[PDB]
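These notes concern the structure reproduced below.
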Amino acid sequence: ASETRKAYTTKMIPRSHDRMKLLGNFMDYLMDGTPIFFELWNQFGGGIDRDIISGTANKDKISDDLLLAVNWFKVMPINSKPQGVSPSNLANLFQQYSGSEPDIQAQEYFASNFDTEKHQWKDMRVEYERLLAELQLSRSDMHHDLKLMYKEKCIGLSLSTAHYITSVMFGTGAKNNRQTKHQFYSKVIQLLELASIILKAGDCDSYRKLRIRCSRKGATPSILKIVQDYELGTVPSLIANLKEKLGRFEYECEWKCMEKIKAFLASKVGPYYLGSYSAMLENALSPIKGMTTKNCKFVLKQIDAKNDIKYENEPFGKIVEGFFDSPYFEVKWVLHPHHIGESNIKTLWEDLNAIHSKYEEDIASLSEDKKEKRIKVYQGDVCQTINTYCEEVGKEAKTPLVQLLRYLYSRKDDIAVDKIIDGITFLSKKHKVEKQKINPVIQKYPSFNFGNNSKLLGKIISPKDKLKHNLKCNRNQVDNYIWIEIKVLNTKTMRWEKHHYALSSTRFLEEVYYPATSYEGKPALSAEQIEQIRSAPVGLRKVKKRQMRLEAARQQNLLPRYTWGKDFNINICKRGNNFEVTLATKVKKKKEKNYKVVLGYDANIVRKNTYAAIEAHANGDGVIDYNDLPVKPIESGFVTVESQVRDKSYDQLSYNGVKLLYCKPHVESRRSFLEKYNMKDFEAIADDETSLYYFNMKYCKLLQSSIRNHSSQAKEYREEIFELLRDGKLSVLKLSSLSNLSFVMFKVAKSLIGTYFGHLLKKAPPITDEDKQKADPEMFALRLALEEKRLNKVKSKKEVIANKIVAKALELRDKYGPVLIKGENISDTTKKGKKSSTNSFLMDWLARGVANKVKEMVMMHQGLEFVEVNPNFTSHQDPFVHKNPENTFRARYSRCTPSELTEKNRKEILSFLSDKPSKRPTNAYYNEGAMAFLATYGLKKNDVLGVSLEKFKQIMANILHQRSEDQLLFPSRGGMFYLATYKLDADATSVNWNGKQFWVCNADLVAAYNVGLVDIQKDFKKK
DNA sequence: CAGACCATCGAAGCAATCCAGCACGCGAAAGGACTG
DNA sequence: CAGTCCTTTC
DNA sequence: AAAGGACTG
RNA sequence: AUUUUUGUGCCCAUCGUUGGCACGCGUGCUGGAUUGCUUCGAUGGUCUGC
């Protein structure tokens, strides 16, 4: 039984200045009262101590000392009341309290990094003492009270729901059946320590009503006791649960100091109301308990990570870090393994040791006075080798520091190679683990959820009561506004009074609200509705069209019934003088395990994210027998989202813009401006086949470089920058798709504005964002426009890709059965070792974003389920033959004509053929792919590794002409057209390799199938 | 062979953005009182 | 009693 | 322990 | 309790054919990166008599 929330983000229509001011006063009252509860609960937690937490003692792995340190040592902003503790003396303070020194978990908590500029430790136990002093309540009485709170889960970790805490500590009356319930439970266990129903009924109770009226009154029935009795009249492991619940129901809830605390709250906050106090405490506890749990898990993670630091490589770390106090360095920084080609330095030192052996054997002979020259030659050779290594490893990752490698080689006798790697990775991991900031306890900006059951009373009126009201008072009965009846506290006269406010969210109408007076599509409108749509102002026409479609669907009985149910929350966040009603809604799923389809998707960056469906227990013509599971490919395609312009049909995700054949004035203006500032590179971007957003991106980079060169006149660039990014018909803001290139375009636009500002404000105080806002307010506004446009662009890309994925999942669910959407677990990209360009490229991936959006959407549909799989080798594994018997791991190719072969392709083929050891597992797969490429056409690598790439193209053309085919497959590390043994593409062109007769599928579709077979066995057990 | 010019590549500082994780909120069901 | 609200407990 | 996942429209 | 004028937005050389289409919101921190300026250091090369 899973559940998630919807959200409809409505718009508050000001009913009247008086009513809106009343609502604002109520909101301000709640907001002003929230900090009081925040501080009060910080004090309560501060009062925690041993003999308070030594009760249930239930906790995952948190030490009894870490709980104490968490509840009375919190990092908060410097500008707060509890201020006054420095990190150094945290240990001795924790010694002063609790009569013991910090343990490992509490030592890690105290010795945690943070931002000393903004956040400061805080004693949090002088705050409890200040509560005792300023409310003058006996320390013993407050000790009893907060011990009772802890046992009631009103303080500590895993707190209870705010409503419950308020009702318990500040409530009128009670069951008072604590001792009564304890006796009942002791009797029940004594009768155990449908038959259980008889045993429970033996509590001097005839039926459920009697025991309800005797043991547990005025609440929901105790754990499966009254419901159990009813079920049994209309397993033995529960004894431990009932015995551990006996800790409760023993105290009788006598508060020795909650009266004084309640009076203090009434002094600071208004008079006690369960709804108001519950809301304020709900918005005050969230930061407290949230950051408490976050820091507990964080400290556990920190101890686990520090246990992974070897700490025996520390001397090697010292030797390597001696780089900073050596002639080769000219400030000081941390050394990460990417500075030495993390694992390639082994090959580097192999080569350098070969050179050293040659040099030494040459120095043994030639013992004349030529040493001063031979050593110089050897020094030059080793320097050249190190430079070549840095250049070589600087293609797939960051260039290793030349000076660091020179220093390491100079210290070739003080440290080995594996020891160099261990020391530097120690320097890296220790530094990382030591810079992990601890989460501060920051105050939440409140939400104040109005509901019906346990929150501040309130409700959307109804679709039914709406008709009653709109008919009682003469009205169309089909208004486009949603009315909420909120119980507002009139702060003038401190009493409650339900008022009404109008929301105007059209989605709520279209989807769950509008009444069925008489997933779907849309209706056919009438003439007058069309006229209204066409007569509305420009900015209102879209919402008018949506509303008229809704109205037509109601008038033509095309509007499905929406089964109101009155299950909507109302979240009112008052930022300034405007409200932010939200209308959340619970959705319940009842997850299913007996899957019938698997819908993997590959989640590419530039290559048109694909899906691929796989059946579970297929029985038909093609049913591939996996390890022990009969599976069948249903289909596989691309995720293309269609925006149908007048007659064409674009893919927002891959359109890439118009072809510059219709942007000639645009390109002419750009060239005219660029000519004024120094153009053989412009002509390479302005071809009439080049697409518009490639042209815009490349021209943004051109402007960036131009501004860099003409630094002292970057103010002259602003007219062109505007005309390119904002104003003109073909601009980054006027015209841009969801394609990856259209996001690189916004990235380069933001970079262009950044360089314009950096060179417009450079003459040394730093250039703060306020300084550049004041320097060119229009350009800063343009920067904000680009940022907001790109953020909404990203939100829409996530939403639409996830919509297509979930739509195909629903199609398969309707056709076959419960679907399982398997997505790559694309984490830990954008690494330090990678190049800056690689990390920037991978930032636009939005893999985890789409995965999260699909995860959310799947929680609302019954039948779908989303698991995230390991993305390892999912682009090479041959689907349905890899792991069906044994791993296959073929390579990806690139069909092309011999005339369009480039130098890069030939060099890549040679790199595959060159028998050199590499740590990448896929090197073997692409090497065997290159061998098979040579075998297929008989190229005789010795004679194929030759020069004259033109001669290579001629030889390939002759080989492919002797055969009747037109294109040659050849392995490429970034090529499509994977070779599968099964037809997974639906456009696959069969081909003959050494002698296997593969299918030329699409690398995207086979990768989607692999994503659908990563752990197929786990999803489908043999049951 | 001394000297300067480009260029890219690292490191750090400074000021910014950004995708992402992750903790929390978006309570239920009951009885009594009340009202119609 | 239907529906409301206000409370306590799960 | 990375690599892999991505492959610069 | 009636405001009849809006939830957020996304795509397009013709911005409408009723254009086409999608959507969980908020707070707060944290992690990893990126962007821009500068400083420093390496790396590669053209150039002037040598």
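Every chain in the structure tokens takes a letter, A first, then B, and so on in the order presented; its residues are numbered from 1, and the ligands are numbered from 1 following the presented order.
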
Next item on the list: Determine, counting only C-alpha atoms (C1' of nucleotides), which protein, DNA and RNA residues have an atom within 12 Å of an atom of residue 44 of chain E; residues of the same chain fewer than 4 positions away are not included. Present the result as number ranges by chain.
Entry: A: 387-388, 391; B: 6-9

Write out the residues from the selection above, keeping C-alpha atoms (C1' of nucleotides), as an mmCIF file, in the first residue's frame.
```cif
data_model
loop_
_atom_site.group_PDB
_atom_site.id
_atom_site.type_symbol
_atom_site.label_atom_id
_atom_site.label_comp_id
_atom_site.auth_asym_id
_atom_site.auth_seq_id
_atom_site.Cartn_x
_atom_site.Cartn_y
_atom_site.Cartn_z
ATOM 1 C CA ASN A 387 54.809 15.486 -21.070
ATOM 2 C CA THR A 388 53.626 12.868 -23.567
ATOM 3 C CA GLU A 391 49.005 14.875 -23.060
ATOM 4 C "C1'" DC B 6 49.682 33.543 -28.889
ATOM 5 C "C1'" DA B 7 46.991 28.880 -26.938
ATOM 6 C "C1'" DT B 8 45.350 25.103 -23.723
ATOM 7 C "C1'" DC B 9 45.986 22.962 -19.482
#
```

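For chain A, the residues no farther than 7 Å from chain C when using only C-alpha atoms (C1' of nucleotides) are residues 174, 218, 219, 220 and 222 of chain A.
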
Notebook entry, point to check: chain E residues within 7 Å of chain A, counting only C-alpha atoms (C1' of nucleotides): which ones, as a ChimeraX atom specification?
Noted result: /E:1,3-7,9-13,18-25,27-30,32-37,41-42

Neighbour list for residue 414 of chain A as a PDB file with N, CA and C atoms, in the first residue's frame, cut-off 12 Å, only C-alpha atoms (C1' of nucleotides), skip fewer than 4 positions in-chain:
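The file below, selection.pdb, is the result:
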```
ATOM      1  N   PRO A 315      51.989   7.696   5.750  1.00  0.00           N
ATOM      2  CA  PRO A 315      53.358   8.098   5.386  1.00  0.00           C
ATOM      3  C   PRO A 315      53.534   8.309   3.893  1.00  0.00           C
ATOM      4  N   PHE A 316      52.880   7.490   3.070  1.00  0.00           N
ATOM      5  CA  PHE A 316      52.924   7.708   1.629  1.00  0.00           C
ATOM      6  C   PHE A 316      52.240   9.018   1.264  1.00  0.00           C
ATOM      7  N   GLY A 317      51.146   9.342   1.954  1.00  0.00           N
ATOM      8  CA  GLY A 317      50.528  10.641   1.767  1.00  0.00           C
ATOM      9  C   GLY A 317      51.476  11.777   2.093  1.00  0.00           C
ATOM     10  N   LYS A 318      52.238  11.641   3.179  1.00  0.00           N
ATOM     11  CA  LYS A 318      53.236  12.652   3.516  1.00  0.00           C
ATOM     12  C   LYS A 318      54.282  12.770   2.416  1.00  0.00           C
ATOM     13  N   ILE A 319      54.765  11.634   1.915  1.00  0.00           N
ATOM     14  CA  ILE A 319      55.795  11.659   0.880  1.00  0.00           C
ATOM     15  C   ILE A 319      55.278  12.369  -0.363  1.00  0.00           C
ATOM     16  N   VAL A 320      54.046  12.063  -0.772  1.00  0.00           N
ATOM     17  CA  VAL A 320      53.492  12.683  -1.971  1.00  0.00           C
ATOM     18  C   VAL A 320      53.221  14.164  -1.737  1.00  0.00           C
ATOM     19  N   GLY A 322      54.763  16.062   0.094  1.00  0.00           N
ATOM     20  CA  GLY A 322      56.029  16.765   0.113  1.00  0.00           C
ATOM     21  C   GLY A 322      56.313  17.440  -1.214  1.00  0.00           C
ATOM     22  N   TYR A 407      58.114  15.365  -9.692  1.00  0.00           N
ATOM     23  CA  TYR A 407      58.495  15.191  -8.295  1.00  0.00           C
ATOM     24  C   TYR A 407      58.398  13.732  -7.875  1.00  0.00           C
ATOM     25  N   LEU A 408      57.319  13.054  -8.266  1.00  0.00           N
ATOM     26  CA  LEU A 408      57.152  11.657  -7.888  1.00  0.00           C
ATOM     27  C   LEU A 408      58.263  10.799  -8.470  1.00  0.00           C
ATOM     28  N   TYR A 409      58.631  11.045  -9.728  1.00  0.00           N
ATOM     29  CA  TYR A 409      59.715  10.276 -10.327  1.00  0.00           C
ATOM     30  C   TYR A 409      61.050  10.592  -9.670  1.00  0.00           C
ATOM     31  N   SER A 410      61.277  11.851  -9.295  1.00  0.00           N
ATOM     32  CA  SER A 410      62.483  12.177  -8.546  1.00  0.00           C
ATOM     33  C   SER A 410      62.546  11.371  -7.258  1.00  0.00           C
ATOM     34  N   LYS A 419      52.258   2.452  -4.130  1.00  0.00           N
ATOM     35  CA  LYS A 419      52.295   3.270  -2.925  1.00  0.00           C
ATOM     36  C   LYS A 419      52.024   4.734  -3.237  1.00  0.00           C
ATOM     37  N   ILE A 420      52.507   5.234  -4.376  1.00  0.00           N
ATOM     38  CA  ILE A 420      52.147   6.586  -4.796  1.00  0.00           C
ATOM     39  C   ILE A 420      50.637   6.704  -4.931  1.00  0.00           C
TER      40      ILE A 420
END
```

Next item on the list: Rounded to one decimal place, report the atom CA of residue 69 of chain A-atom CA of residue 159 of chain A distance in Å.
Entry: 16.8 Å

Per residue of chain B within 8 Å of chain A, which atom pair is closest and at what distance in Å (one decimal), using only C-alpha atoms (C1' of nucleotides), listed by chain and increasing number, as a Markdown table?
```
| residue | atom | partner | partner_atom | distance |
| --- | --- | --- | --- | --- |
| B:9 | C1' | A:399 | CA | 6.7 |
| B:10 | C1' | A:401 | CA | 6.4 |
| B:11 | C1' | A:333 | CA | 7.3 |
| B:12 | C1' | A:331 | CA | 7.6 |
| B:14 | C1' | A:766 | CA | 5.7 |
| B:15 | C1' | A:768 | CA | 5.4 |
| B:16 | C1' | A:769 | CA | 7.1 |
| B:19 | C1' | A:843 | CA | 6.8 |
| B:20 | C1' | A:848 | CA | 7.6 |
| B:22 | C1' | A:294 | CA | 7.4 |
| B:23 | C1' | A:290 | CA | 4.3 |
| B:24 | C1' | A:286 | CA | 4.7 |
| B:25 | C1' | A:286 | CA | 6.7 |
| B:26 | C1' | A:449 | CA | 6.4 |
| B:27 | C1' | A:454 | CA | 6.1 |
| B:28 | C1' | A:453 | CA | 7.6 |
| B:29 | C1' | A:220 | CA | 5.1 |
| B:30 | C1' | A:220 | CA | 4.2 |
| B:31 | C1' | A:218 | CA | 4.5 |
| B:32 | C1' | A:218 | CA | 7.5 |
```

Notebook entry, point to check: chain D residues within 6 Å of chain A, counting only C-alpha atoms (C1' of nucleotides): which ones, as a VMD selection string?
Noted result: chain D and resid 4 to 5 7 9

Next item on the list: Would you mind reading off the distance between atom CA of residue 878 of chain A and atom CA of residue 1002 of chain A, one decimal, in Å?
Entry: 11.9 Å
